[PDB]
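The block underneath contains the structure these notes are about, expressed in structure tokens.
Just so you know, all these numbers are worked out from the coordinates, no wet-lab data involved. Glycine gets a Cβ as well: all are built from the backbone with ideal geometry, and neighbour counts include every protein chain shown.
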Ligand SMILES: [Mg+2]
């Protein structure tokens with residue numbers, strides 16, 4: 001699979017999301033503290049991330065990703 | 001025939017900004033379906049209400065009777081009560097004030113309905 | 001039992017004789033077209049009549065309960 | 001405050017998941033409306049208040065999305 | 001049967017119908033060719049020094065069989081345009097409002113319970 | 001004019017006149033009705049202030065209230081009598097010196 | 001042997017044939033729909049189709065407070081309080097749009113009319129909508145509930161203390177002073193119960209009807 005593809009796609013889908021301001025949309029952008037997103041916000045980020053790639057996973061670590069690289073890595077090993 | 005699928009498609013064609021369809025439970029005896037549609041201005045509300053009524057008479061309903069248009073006196077809320085479907089059309093601001101969608105979605109757990117309370121009246125002293 | 005069921009009220013008290021005849025109202029001008037023209041003769045008995053004759057709109061007893069479906 | 005704050009997250013996940021398949025309703029509006037409902041009430045609440053709010057949301061999930069189609 | 005000067009109960013969640021100003025609203029006018037007001041009949045209301053329209057949704061007078069006779073004379077406040085003043089009704093409302101001639105759909109949308 | 005006694009309070013409403021009196025008295029800062037009648041912090045709701053004064057004067061009525069299950073006569077504090085007495089003290093002058101036209105027509 | 005009240009003819013100058021014609025229609029409906037035995041004071045649940053709606057029925061639960069009417073016109077009224085609002089509906093037994101009549105709780109009360117429950121406290125008229133039926137025992141008499149209700153302040157819909165009403169199910173001592181009970185008895189009309197020409201004997205009429213109803217079955 002395109003591991004980098006996930007990074008840019010995750011970068012791209014996050015960029016598509018309008019509520020978050022891509023002031024620093026780095027590969028290690030945190031969500032609780034760096035982007036100031038609550039538990040409600042991240043789930044919708046999961047849906048946007050899930051919608052693009054096709055989900056196939058529960059919230060076991062989707063809550064725990066907390067950064068694009070972690071989820072990218074998690075999307076990297078699931079396919 | 002005039003059915004839920006036709007009604008929503010007709011609403012979509014004439015650019016109804018906000019559309020909500022609620023299938024009322026049979027236990028509630030009002031109607032089978034409940035539809036709420038937002039509109040930009042009073043002019044828009046009148047046009048679509050007239051358009052749907054014209055289509056309804058055109059679209060069979062030979063045995064079914066005609067339907068009155070209610071709320072023409074009002075400038076912000078128009079509702080037409082078809083036999084199996086009731087459509088309430090209102091401007092944006094009116095929609096949030098009443099919040100019809102919450103009432104019919106949450107039958108008896110609506111916030112405003114909950115705020116109301118019952119009372120008893122004994123003597124002051 | 002030769003009982004006619006007539007809509008509404010009829011002048012007089014119970015057990016009083018009344019005169020009944022086809023309506024003279026203009027709307028029902030010619031109704032005798034589909035009725036026994038001189039009268040109904042049981043002697044002819046072309047077809048013996050049912051014990052009770054009903055109007056179409058009437059909901060007969062012993063029918064299923066009316067559901068407005 | 002809630003029965004469990006994970007249950008709050010679980011409730012929100014299911015509502016979005018159920019809304020994905022709505023056709024007659026305006027999917028975009030439903031997603032926005034649920035966000036407003038969650039944000040306005042859940043940010044500040046007490047044990048009793050939050051319990052009532054979560055209970056009403058739970059009824060919504062198990063009632064075919066409150067009759068929405 | 002609501003008449004002029006009858007004391008009526010505002011079955012609504014509107015501010016004007018709240019228990020403060022205990023003095024019950026009184027009917028000034030019945031919008032019928034007869035002055036008797038029954039279920040579904042509009043009336044003009046003297047409420048808190050104001051004149052407001054109201055719709056009769058229940059009354060204590062016996063009606064035709066198979067219909068609900070309530071214990072109080074109930075009304076819902078109606079705006080001049082015809083939109084209901086209050087946003088919720090919790091007391092049961094008779095279902096007969098649906099068919100009778102008039103504009104009653106707006107009120108039925110507001111009421112959860114029908115009897 | 002109703003507050004001045006020019007209008008017979010019964011064709012304008014004692015309660016409505018009382019609310020206007022409280023509305024004007026509070027704006028003018030003449031909080032002299034909270035000492036004649038003990039009202040503590042004072043208030044802006046006519047029903048609340050009328051409740052206290054009715055208690056101070058020990059007045060009660062039997063009033064028919066209209067409830068869901070029927071009509072019941074309930075003993076109640078006399079709001080109407082409170083309004084009549086509250087206006088009287090204003091007219092006597094013990095509630096303070098007031099110039100009504102001060103606000104709208106100061107000129 | 002419980003004969004439904006409607007079958008009993010009222011005295012008058014009417015021909016007996018008028019009643020035979022009405023009974024035949026009544027019994028025919030009873031075949032289609034079973035009308036259970038019940039008395040004033042029993043709790044009933046009635047399912048009826050709404051003409052306003054389409055093929056959508058409604059259910060109403062309440063205590064039966066009155067039985068009136070004879071023949072095909074028999075009616076009964078049952079009462080309940082819903083979200084703190086008292087409601088009564090008068091039901092026609094033989095109306096074609098009554099889907100079912102269910103006797104949730106079969107019992108009898110001290111009085112054959114309970115219109116005074118309007119003046120009694122709300123608790124005595126409130127009944128749970130979803131209450132399930134209680135079992136009934138055939139080899140018994142109908143239970144006679146001897147509850148005496150408590151009344152609210154004196155202004156009542158009627159002067160129940162007055163002898164004509166003959167109310168035996170109200171706690172008058174709690175609501176009325178001994179003088180008021182004395183003052184009421186000025187309306188007593190004691191001679192009423194002892195004049196033999198005001199009594200309608202239906203024993204033979206009730207008897208003959210019973211076999212006729214059974215014979216048709
Ligand atoms: Mg009376």
Q | For chain G, calculated [θ]222 nm from helices alone, where every DSSP H run of n ≥ 4 adds -39500 (n - 2.57) | A | -6000 deg cm²/dmol
Q: Compute the acute angle (0 to 90°) between the alpha-carbon long axis of helix A:3-16 and the principal axis of greatest extent of the alpha-carbon atoms of chain A; round to the nearest 10°.
A: 40 degrees
Q.
Need one value for D:16-24: mean number of C-beta atoms belonging to other chains within 10 Å of its residues' C-beta atoms.
A. 3
Q) Which part of segment G:24-40 falls in the paramagnetic zone of residue C:59, meaning amide N under 20 Å from the point 7 Å along Cα-to-beta-carbon? A) G:24-36
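Taking the DSSP beta bridges in the protein assembly as shown as the whole, what percent of them are antiparallel, to the nearest 5?
If I count the DSSP bridges inside the protein assembly as shown, around 85 percent turn out antiparallel.
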Q. What is the mean number of Cβ atoms from other protein chains located within 10 Å of the Cβ atom of each residue in peptide A:35-41, rounded to a whole number?
A. 3
Q. Can you give me the relative contact order of chain B as a percent, contacts being Cα pairs under 8 Å and 6 or more apart?
A. 24 percent
Q: Give the order of E:100, G:30 when sorted by the count of other beta carbons within 10 angstrom, beginning with the fewest.
A: E:100, G:30
Q) Given the C-alpha centroids of segment A:1-32 and segment G:23-72, what is the distance between them in whole angstrom? A) 68 Å
Q) Does chain B come out rounded, prolate or oblate, given a ≥ b ≥ c as the square roots of the eigenvalues of its C-alpha gyration tensor, rounded meaning a/c under 1.5 and, failing that, prolate meaning a/b above b/c? A) prolate
Q: Kindly state, to the nearest 0.05, the FRET efficiency for residue G:195 paired with residue G:83, given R0 = 41 Å and r defined as their beta-carbon distance.
A: 0.25
Q) Under the definition of partner shielding as Cβ atoms of other protein chains within 10 Å of a residue Cβ, what is the mean value for peptide G:44-57? A) 6
Q) What is the Cα centroid distance between segment F:81-107 and segment E:91-115, reported in whole angstrom? A) 48 Å
Q | Residue order, fewest to most surrounding Cβ atoms within 10 angstrom, among B:51, D:24 | A | B:51, D:24
Q: Compute the normalised compactness of segment F:43-94: alpha-carbon radius of gyration over 2.2 N^0.38 Å, N being the residue count.
A: 1.35
Q. Between residue D:20 and residue G:132, what FRET efficiency follows from the Cβ-Cβ distance if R0 is 41 Å, with the result rounded to 0.05?
A. 0.55
Q) Hey, what number do you get for chain F at 222 nm if only DSSP H runs of n ≥ 4 count, each worth -39500 (n - 2.57), divided across all residues, to the nearest 500? A) -12000 deg cm²/dmol
**Q.** Cα gyration tensor shape of chain G, rounded if a/c is under 1.5, else prolate or oblate by comparing a/b with b/c
**A.** oblate
Q: Taking chain F as the reference, fit the longest principal axis to its C-alpha atoms, fit the long axis of helix F:14-27 to the helix C-alpha atoms, and give the angle between the two in degrees, 0 to 90, nearest 10.
A: 40 degrees
Q. Once you put a point 7 Å from the Cα of residue A:1 and another 7 Å from the Cα of residue E:4, both along the Cβ direction, what distance in nm separates them?
A. 8.2 nm
Q. In degrees between 0 and 90, to the nearest 10, how far off the longest principal axis of chain B does helix B:42-58 point, with axes built from Cα atoms?
A. 60 degrees
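Averaged over every viewing direction, what's the projected area of the C-alpha convex hull for the protein assembly as shown? Give it in nm², one decimal, please.
Details: hull surface 217.0 nm².
Mean orientational projected area (the protein assembly as shown, Cα hull): 54.2 nm².
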Q: If a/c stays under 1.5 just call it rounded; otherwise compare a/b with b/c (prolate if a/b is bigger, oblate if not). Do that for segment G:146-217, with a ≥ b ≥ c from the square roots of the Cα gyration tensor eigenvalues.
A: oblate
Q: Evaluate E = 1/(1 + (r/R0)^6) for residue D:40 and residue G:173, where r is the Cβ-Cβ distance and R0 equals 56 Å; express this FRET efficiency to the nearest 0.05.
A: 0.50
Q) For segment B:57-125 and segment E:1-43, what is the separation of their C-alpha centers, rounded to whole Å? A) 21 Å
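To the nearest µm²/s, what D does Stokes-Einstein give for chain A at 20 °C and 1.002 mPa s, using the Kirkwood radius over alpha carbon pairs as Rh?
D, rounded to a whole number, is 173 µm²/s.
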**Q.** Relative exposure of A:49, A:66, judged by other C-beta atoms within 10 Å (fewest first)
**A.** A:66, A:49
